[PDB]
Number of protein chains: 2
Amino acid sequence: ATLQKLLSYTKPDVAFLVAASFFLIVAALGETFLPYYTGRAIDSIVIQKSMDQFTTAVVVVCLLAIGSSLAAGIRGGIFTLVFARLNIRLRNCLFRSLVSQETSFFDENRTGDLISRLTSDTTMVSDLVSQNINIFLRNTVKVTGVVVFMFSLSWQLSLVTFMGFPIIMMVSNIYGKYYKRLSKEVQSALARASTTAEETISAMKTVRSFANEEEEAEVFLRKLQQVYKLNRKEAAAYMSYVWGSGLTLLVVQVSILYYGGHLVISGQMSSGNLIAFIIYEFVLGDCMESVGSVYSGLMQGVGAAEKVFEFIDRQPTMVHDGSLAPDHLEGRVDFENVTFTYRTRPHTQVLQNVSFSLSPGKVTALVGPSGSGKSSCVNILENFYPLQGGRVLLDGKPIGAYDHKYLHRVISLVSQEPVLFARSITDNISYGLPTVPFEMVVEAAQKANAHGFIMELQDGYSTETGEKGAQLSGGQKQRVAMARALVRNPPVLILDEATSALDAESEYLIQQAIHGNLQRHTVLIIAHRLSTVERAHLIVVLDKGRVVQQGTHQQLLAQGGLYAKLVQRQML
Amino acid sequence: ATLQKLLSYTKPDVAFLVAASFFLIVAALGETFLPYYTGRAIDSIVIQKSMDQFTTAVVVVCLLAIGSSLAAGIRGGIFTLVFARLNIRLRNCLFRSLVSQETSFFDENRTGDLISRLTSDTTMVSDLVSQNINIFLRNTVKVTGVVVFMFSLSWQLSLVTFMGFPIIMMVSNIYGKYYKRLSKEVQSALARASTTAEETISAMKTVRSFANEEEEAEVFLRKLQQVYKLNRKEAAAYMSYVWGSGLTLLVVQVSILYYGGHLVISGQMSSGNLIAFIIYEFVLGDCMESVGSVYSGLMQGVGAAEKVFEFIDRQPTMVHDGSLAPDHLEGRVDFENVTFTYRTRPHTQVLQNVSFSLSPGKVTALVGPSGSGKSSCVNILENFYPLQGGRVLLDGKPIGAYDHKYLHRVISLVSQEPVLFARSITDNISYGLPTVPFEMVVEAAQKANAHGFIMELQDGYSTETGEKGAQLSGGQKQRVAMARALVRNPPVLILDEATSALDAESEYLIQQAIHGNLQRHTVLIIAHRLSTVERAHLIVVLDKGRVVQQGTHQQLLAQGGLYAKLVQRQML
Ligand SMILES: Nc1ncnc2c1ncn2[C@@H]1O[C@H](COP(=O)(O)OP(=O)(O)O)[C@@H](O)[C@H]1O
Ligand SMILES: Nc1ncnc2c1ncn2[C@@H]1O[C@H](COP(=O)(O)OP(=O)(O)O)[C@@H](O)[C@H]1O
Ligand code: BEF
Ligand code: BEF
Ligand SMILES: [Mg+2]
Ligand SMILES: [Mg+2]
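Residues numbered from 1 in each chain as written, not as in the entry; some residues may be left out. Chains lettered and ligands numbered in written order. Heavy atoms only, no water. Residues with missing side-chain atoms left out of burial classes, pairs and counts.

As documented in the archive entry, the model was determined using cryo-EM at 3.2 Å resolution.

Right, let's talk about the relation of the copies chain B and chain A for a bit. Superposition of the two copies of the chain requires a rotation about an axis and a shift along the axis. When chain B is fitted to chain A, the best match, at an RMSD of 0.4 Å, comes from turning it 180° and sliding it 0.0 Å along the axis. A rotation of that kind, with that shift, is consistent with a two-fold axis. Scanning chain B for the C-alpha nearest the rotation axis identifies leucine 572 of chain B, at a separation of 2.8 Å. Take the interface residues of chain B: 95% of them recur as interface residues in chain A, which is what a same-surface contact looks like. (Least-squares fit on C-alpha atoms. Contact = heavy atoms within 4.5 Å.)

Right, let's get into the packing of aromatic side chains. This model, assessed by the stated rule, comprises 35 aromatic pairs over all chains. Taken together, a centroid distance of 5.4 Å and an interplanar angle of 90° make the contact between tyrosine 342 of chain B and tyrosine 385 of chain B edge-to-face. Of this pair, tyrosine 342 of chain B sits in the loop between β1 (333-340) and β2 (351-358) while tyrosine 385 of chain B sits in the loop between β3 (364-366) and β4 (391-394), placing them 43 residues apart in sequence. One cation-aromatic arrangement involves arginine 85 of chain B over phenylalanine 16 of chain B; the distance from NZ or CZ to the ring centre is 5.2 Å. Positioned above the aromatic ring of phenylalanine 210 of chain A, the side-chain terminus of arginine 488 of chain B is 4.6 Å from the ring centre. (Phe/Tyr/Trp six-rings, centres within 6.5 Å; stacked < 30°, edge-to-face > 60°. Helix = DSSP H or I, 4+ residues; strand = E, 2+ residues; numbered from the N terminus. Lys NZ or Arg CZ within 6 Å of the ring centre and 35° of its normal.)

Moving on, we get to the coordination of the magnesium ion (ligand 6). Residue and element names in this part refer to chain B. Those donors, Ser375 (OG) and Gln416 (OE1), are the protein atoms that reach the magnesium ion (ligand 6), and they lie 1.8 to 2.4 Å from it. A residue pair is termed long-range when its members are at least 10 positions apart, and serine 375 in the loop between β3 and β4 and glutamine 416 in the loop between β6 (411-414) and α16 (438-443) qualify at 41 residues. Residue class for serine 375 comes out partly exposed when judged on its relative accessible area of 22%. Among the residues examined, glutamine 416 registers a relative accessible area of 17% and is labelled buried. (Donors = N, O, S within 2.8 Å, 3.2 Å for Na, K, Ca; no water. Buried < 20%, exposed > 50% of the residue type's maximum accessible area, 1.4 Å probe, protein only.)

Let's shift gears to the site of ligand 1. In the vicinity of ligand 1 there are 18 residues, among which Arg345, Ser372, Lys374 and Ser375 of chain A together with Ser473 of chain B approach most closely. Mapping the residues adjacent to ligand 1 onto the chains of the assembly identifies chains A and B. At a separation of 2.8 Å, an oxygen atom of ligand 1 approaches a polar backbone atom of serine 372 of chain A. The contact in question runs from an oxygen atom of ligand 1 to an N or O atom on the backbone of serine 375 of chain A, over 2.7 Å. Residue composition of the shell around ligand 1, grouped by class: four nonpolar, 11 polar and three charged. (Near = heavy atom within 4 Å. Polar contact = N/O pair within 3.5 Å; in protein donor to acceptor, adjacent residues only side chain to side chain. Nonpolar A, V, L, I, M, F, W, Y, C, P; charged D, E, K, R; others polar.)

Another point: the domain arrangement of chain A. All names here are of chain A. Domain annotation of chain A identifies domain 1 (79-311), domain 2 (320-410 + 490-505 + 520-572) and domain 3 (420-489). One C-alpha centre belongs to domain 2, the other to domain 3, and the line joining them spans 26 Å. Tallying the contact residues gives 11 residues for domain 2 and nine residues for domain 3. The largest per-residue losses of area from domain 2 upon contact with domain 3 belong to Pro490, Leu502 and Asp503, which jointly make up 47% of the total buried on that side. (Domains from an automatic or database assignment. Buried area = accessible area lost by both parts, 1.4 Å probe.)

With 143 residues of chain B at the contact, the number on the chain A side is 145 residues. Its residues placed into classes, the side of chain B that touches chain A shows 68 nonpolar, 42 polar and 33 charged.

This part takes up the pattern of salt bridges. Following the criterion strictly, the structure yields 29 salt bridges over all chains and no others. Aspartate 113 of chain B is paired through a salt bridge with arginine 117 of chain B; the nearest N and O atoms lie 2.8 Å apart. With a gap of four residues between them, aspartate 113 of chain B and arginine 117 of chain B both fall in helix α6 (residues 111-151), about one helical turn apart. Of the two residues examined, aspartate 113 of chain B and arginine 117 of chain B, each falls in the buried class. Ionic contacts of the salt-bridge type, sharing partners, join the residues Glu102, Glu108, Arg314 and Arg343 of chain A into one network. (Salt bridge = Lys/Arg side-chain N within 4 Å of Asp/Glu carboxyl O.)

Okay, structure coming up:
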């Protein structure tokens, strides 16, 4: 990220910066002409008396005071309304581009980092670019009103004052280019300190079962002391700067004296060579500010926003473009010679030449020895990850060709460890849908057998299950995750191992009777119990990522194909 | 939180502040005396030849310039250092008091709120305090100088200049009591929009299975447009305080003319009356800054830190004070007429008069109908929540009387949904322990039947399982959550649902063998499968929070007690 780019996100704020600059000029006139009009007013009363021409002249002293404060106020009241509008736009423009990246991206960036860039960084970058544009607009007017006088007093001497500027910028640039490399290693070393404060608070019930809850507060400290060594290095590099300029503004302050002598004796007056200094002390208090800091800050902002400007430009490595949304779907899924391997461990192949299909209207189970690729057959059916070789078909057309917002409304899912949100229940069984009538939420909460325990909570369908449904039992959090996938009435239904993983051994049956036997679905039951997969219309045993057997329970329990060995210890 | 409290947290910086103030005094002295010596040197060099006589006077100008530059640089450096130190101290002192609160606390405050608070509020408070202290010191020095110069001219008029200061303060106190009530409803409405950006990023694999990943980015926006409506009322005020001040500083400039002229025609030189204004213009620019902003800011800091100063003073409602660490623990647990009720739903009793015990060296199981209180018998045994009637005894003495860091080293636990951390595996099977030898991590990873699949990962025991072990299968995250509980040799082991959860029924046994049959443990197997509790030395069936049956498998399958009805559907 260069300096031009950072100033591009402030383009829609020109209508505000001009009205903020104009009201800045008017604030300068009233600050200079005031004395000239004051004496002109004091002489009036001094001529004869007051109350006769005083009011005639004292008026122009009031209007300037009033006419001034209005400007100095309406200005400060807009450079605080452009630090917000620039913030809200830098924040929103990141999220909206941080929530459309392929899923393989959230496995490499810990959710503590991604929030330290959205919360902290975009607050810094917004801050710097406000002040340093609040200043460079003030010091570009004072330098003008003070530069014209340094000519009226001297035509020669002024041309020497302007020989330091090109010097006070070669220095104000050497730090701008070093203050960036640093203010990026502080926003970074400050995020790594905010991924240990989020990983320890979100898991406080498992960091306390072990007694090191007060020792995980000394791994946070030792993460700040590394954001300190980066702060006592950002001071020594700002002290060392003030000296770098101050010295330079001295040489120009001396050389102006000696060369100011030759004139004072021969050419220039002695009264002028003294006033051209007072008016000269300002161009130093400006040549060091106007372009000393305004170009360091603008180079410390571009440092803080060096990463925030990378998540906004990153191109998702899996783009979904297709609008094949039909109106009559059968529900026939097929895996045609699949081959898969994750992006965070690319030396092991998860699936290999897997090939099977689900028939429309039948409960095709899927089993395996707890380490084969079973869920990975769900993280693909739902187009989370890309394939190396092969294609998944849904009714004859590869899933890549369906409308990304429609495919996920005809393929429900019950992930292995269901994750609920911190809302009500009636607002959690209808998560993805716009305003479904409260009638269909109950008609779909009796199928999953939730209405039994929901109508006993302190508040019924309006209770709360906060922070990943951690305020519901392990068995109630599924029957509320089941109902969340049935209220859509989906043709294809996917029940991952959370089907009945944590039920009472009598509840999982009262669901099977109603899940797909009554209506027409295409279920896909992944599980380890022999009960659930007993009556399945089919079974696909896969081991180490290779489909082995495809046969019904008895038709497969006859021959020994690694299936009859699994259910052995369970048949008692 | 008053202002004295906010300032108290900067007590250990008195040394730095006195050093900064001293260097500020020096810088002011230099900047004020420079022109007089400059004129002296110019006169001394113009009187005679300046070639050799100039230096004897320009040396003083050079020394004053060098001194001023050094002072300004050191002041800037020390203020940046003080800001950094204050920020670090506040940050650290928040966490260390935010990770020792009772567990119920973390069930009422969402983990996005806490992190937004910590980060943003600490940054804002430190920034405000630093800027404001700096400005106040500078302005007090300048005001002292100018007030001396003003008294030197008039003894009467000055006493009218100060008649406005109390006015410009009573006004700078009404935008310090309204600007606090506001800057607290911005930090408390900007952290309510950083819990919708953390709840959506940490659950990105379940907010995408439903297609509303780009509609969850328009619930974030509408959470910012309410931080705007506040950031606007915060501008329309600052723009309405400069006016309330600028005006008051006008009446003082008018009233200083009427009384200013009356003295110029009778007893005050007209030359002086003109000069007592220029010096007067640069007190309005200070009486409006020195106490204008420096007392609004200090009242906006106390606003932003209105909550951060509440998590630092909150008293944990469950304090553990007991040191009874023995050297020979038997391992006998007992529940003596327990009665329990959560604090976030205090109208339903979870447990009721529960009473049972675990015998030292026996696998006491525990079962129920998926909604009774079973885990709540573990969130109590580990002293997470307080009881209401009854005691939980560990070897005769209540658990409340054990070293909180020792009790949790003799009672291991396997939560219902295990949660791993984003580290290696050899650094995750030894979480709570300091540097256990790598020989004991393998000897304890073969018991849990994990060494089989660990030595096939791309990197072996050094691979990574990031962000809640989401980069391991559902059945590999259990066998790594067991090894984490067995590497301590706990005399009391608790398996909420670890083996039965997601194991393939083959490695399901190899754990069931070596866990407690070889050594001396006191296991407690919670589960739903008939396999675990089949060979258990005891069973305790509890329903709706009331222990019903306490008998072995056969001794309990004889009499129908809601047990024979549970395992019925699975006995095949
Ligand atoms: N997000 C992921 N990134 C990398 N590897 C993964 C990820 N999820 C699972 N794996 C690996 O894939 C293999 C098979 O995983 P998975 O298909 O989930 O097994 P199961 O379906 O039995 O849970 C496992 O060895 C696991 O280490
Ligand atoms: N943290 C919590 N806060 C409030 N209520 C809870 C919490 N955890 C569980 N519950 C409630 O307690 C009841 C019993 O929960 P629990 O004992 O966990 O059941 P199980 O042991 O079968 O999972 C449930 O109805 C559940 O709603
Ligand atoms: F390891 Be699994 F999700 F059966
Ligand atoms: F509802 Be549970 F944890 F058996
Ligand atoms: Mg799975
Ligand atoms: Mg439980």
